[PDB]
């Protein structure tokens, strides 16, 4: 007979879930970043860091070389625009302008740390947009071919990919042939919110993967739930099971973040179909960024990075990593630790790190944003934070151990020749 299945539906991250967020849980707090942190480059800022990996999620070295891709922007210490009234460079202005001048670089190391700069991935004139925002570099084969999935930003925000090849020698690593950017998809307006619907719409951070159960190719990304900005309703399902006195959703219908998913028609990641969202946060948070999976214990651990500032009215929580777990790719998902919070910044250093990436070995990489150094003073990072090990256990997570700055060891090594 027909075995009926429950239909797939978006999992709602509700206001009632978010009321469980604990900013003071030592099991879900990032270790404090030291004010004396080292800086990896005196020429560029980096932030979002995207380790080379295969389609199954394995962090990969090539001929023993670890490789990371970074969003990168020049430091501009002599720019007149960044000189304060006393004629001194204000790093904060330069750092704040990184997003508008973002480009993909690569770095490499035989130790998984102490990164050596490789330079821009795509030569001048290749990128069809003003900015290159984050994605995933997928190592495809023993020829060293890579599909770099990324976000082409301005005009629009489009999920694209560009094919190239990594080449190694005993002195280091080169990225060749990244010449032909291919459009995959943009926001549709019925499932995912468009720029016409919201000038502040999100559509970015593609995370392709092969589903370990079906072997089909899918891709996560950050979006917003379709509809005109301000038209969404925080109904009973978005509110969830709030306790007495917590019924007022305020103006939270303006916060409409979601984790999207697309499916590929082929093994090559060429032709994609948009699917309805996996997770929605209407009334809870506007930014479910950098969605990514760990597959563990036959379960799907779905992580997303968010900000205190993008929470709905009446709710708060830290910058950092949030997540959900399901037995099945298409849900239903439940919030990790009851609230969703996996790894929040400490409230004494609330902006110390961002754009965390949970790797399947449990190591979590992040970049340093702003670290306080006194009552008033603070340092800007634009460099790697200490890596942190977490443990995933059922619907719980636990912070375990801090590692060196930017420690991103490989899970597999791939032998590359061409």
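Residue numbers count along the first chain shown, from 1.
Two stretches are in play, 81 to 89 and 205 to 213, and the higher mean C-alpha B-factor belongs to 81 to 89.
Remark: stretch with higher mean C-alpha B factor among 176 to 184 and 291 to 299 is 176 to 184.
Remark: of 122, 225, 325, 275, 122 shows the highest value [criterion: C-alpha B-factor in the PDB entry]. Comparing the listed residues 260, 137, 240, 245, the entry records the largest Cα B-factor for 245.
In this PDB entry, the Cα temperature factor of residue 52 sits in the bottom third of its chain's modelled residues, the lowest group. When the CA B factors of the chain's modelled residues are split into thirds, the value for residue 368 lands in the middle one. Looking at the C-alpha B-factors along this chain, the one for residue 356 belongs to the middle third. Sort the modelled residues of the chain by CA B factor and residue 155 lands in the highest third.
For residue 59, the recorded CA B-factor ranks within the lowest third of the chain. Only modelled residues enter the ranking.
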